[PDB]
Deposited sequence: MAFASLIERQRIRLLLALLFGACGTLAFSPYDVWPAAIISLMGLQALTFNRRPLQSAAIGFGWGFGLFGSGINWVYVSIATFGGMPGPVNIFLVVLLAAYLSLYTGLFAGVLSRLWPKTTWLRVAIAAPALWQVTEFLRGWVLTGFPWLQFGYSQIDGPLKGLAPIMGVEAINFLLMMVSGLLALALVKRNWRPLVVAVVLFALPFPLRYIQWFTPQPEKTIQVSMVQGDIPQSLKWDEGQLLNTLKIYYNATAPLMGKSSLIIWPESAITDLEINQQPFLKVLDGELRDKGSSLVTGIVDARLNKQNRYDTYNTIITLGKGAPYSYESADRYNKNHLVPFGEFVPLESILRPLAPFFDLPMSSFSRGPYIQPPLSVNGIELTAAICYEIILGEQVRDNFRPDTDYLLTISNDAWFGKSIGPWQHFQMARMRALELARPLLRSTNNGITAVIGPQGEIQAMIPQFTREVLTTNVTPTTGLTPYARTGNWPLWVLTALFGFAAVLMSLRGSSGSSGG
């Protein structure tokens, strides 16, 4: 009955994964969650917390193993070592689901509406907050993101994605209750609470501005990862990108190269950047591109700016530096010939400012975020400005090809657009390159694993959202209310 349960927690946990992309099955989030809620019924604190652990291990285990595809091909570690690192990651994250189920069974032992719809959402908010906070965090696989093409999307520009996580744990809980006690009362309250925001799906917190419509192009280079940083790749890369960029120079007002597309130091690319900038300002176009900067011996993962209304200068401020690093790591991959020899000294990154002004470019304001940073809703929100015309993010997702990793990243990126009511310009090396609407919709997209340019028209938008104005604290107030009430 119990062991049968645990096998079950693993199963409902892995059922969690199918809510996210590329599966896009959003009710699987509810099923997964009420799986957790219901399976934690009728058991002692510890056994329960172990069930929570098994649930989390189902989820993260089925859902972020793609980290392997990175560390195994590009770390070079034995093999069993890699698999160990992955299973350890999943398990570590499942400590949190266990802390959730733990404190839940300890402080609220009986199968009630109190437990499923008042305790669990507040507790889950704090345990997920922790999961995303401790050790710089890893807020990956939050069920709210499944609602991006789904109803409930309305909540996000009001109180953010975490409010959708809240509402989903609540609703799923009441369904768990309704189910195991065969009582229609929790079911009814579930359906009501789930359906209240459906009309929020149609509020437009923003105003289109067709007068500022432009042609945008994003060059998807598709430099193979293994080579990407070889001294003998550099020029084929600069040629690939320059030549993709050249026939658009009179027609596309704005062009983006993805993360560290220019795979060399800025100061070592001064002549190329100056000529490119000169040709750009002549033809009337603008460029935004990834590149690396070693400043005086601090090394920054960087976006720089060139072209019309944005003349290049190594001393310009119109630049962005990546803020969020993995608690270890973020180095520059070595030369191919040097990667097998390493186990038998790399350059690591320094952090850019938590708050960095928009990039200015051709009279466009761009709130930038590099790669992973686009999943940090709060940080993006803080860097966001009322005058911001677009969200910018550039990434290299080639570390995990063909995995679900890229699609999960993409999905979470859409939520920034929805949250802040701005279009999102998403440029990738081989990853998912796309233009996302001010409501998280995918306006334009190009296939991955292709060398290709995305070219389309984009219309920026203005005006704040409740979530733009407030950020997290209304949901935090709701949480504190719920939790302090939850101590009865």
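Positions of the deposited sequence absent from the coordinates, in order: 1 to 8, 305 to 309, 358 to 360, 505 to 516.
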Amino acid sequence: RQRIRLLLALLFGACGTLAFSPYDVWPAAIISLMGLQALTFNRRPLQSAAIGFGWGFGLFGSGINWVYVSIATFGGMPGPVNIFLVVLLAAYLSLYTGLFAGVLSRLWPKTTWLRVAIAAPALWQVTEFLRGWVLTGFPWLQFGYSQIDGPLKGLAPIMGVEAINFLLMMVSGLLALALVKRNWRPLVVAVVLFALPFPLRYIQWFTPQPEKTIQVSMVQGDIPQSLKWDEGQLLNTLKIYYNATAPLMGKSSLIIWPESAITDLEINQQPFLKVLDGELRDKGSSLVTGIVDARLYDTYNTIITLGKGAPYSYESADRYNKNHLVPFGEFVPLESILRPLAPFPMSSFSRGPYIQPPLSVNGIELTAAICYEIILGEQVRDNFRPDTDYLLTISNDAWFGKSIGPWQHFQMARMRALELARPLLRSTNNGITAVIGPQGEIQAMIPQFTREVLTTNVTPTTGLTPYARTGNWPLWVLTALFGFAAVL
From here on, numbers count along this sequence of modelled residues.
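Legend: mean Cα B-factor per stretch from the PDB entry, 360 to 368 versus 84 to 92; the higher mean is in 84 to 92.
For the pair 37 to 45 and 437 to 445, the record assigns the higher mean C-alpha temperature factor to 37 to 45. In this structure the maximum Cα B-factor among 156, 117, 391, 317 is found at 317.
Comparing the listed residues 304, 380, 346, 214, the entry records the largest Cα B-factor for 346.
For residue 113, the recorded CA B-factor ranks within the middle third of the chain. Only modelled residues enter the ranking. When all modelled residues of the chain are sorted by CA temperature factor, residue 399 is found within the highest third. The entry lists a Cα temperature factor for residue 173 that places it in the middle third of the chain's modelled residues. Ranked against the other modelled residues of its chain, the C-alpha B-factor of residue 466 as given in the entry falls in the middle third. When the modelled residues of the chain are ordered by C-alpha B-factor, residue 407 sits in the lowest third.
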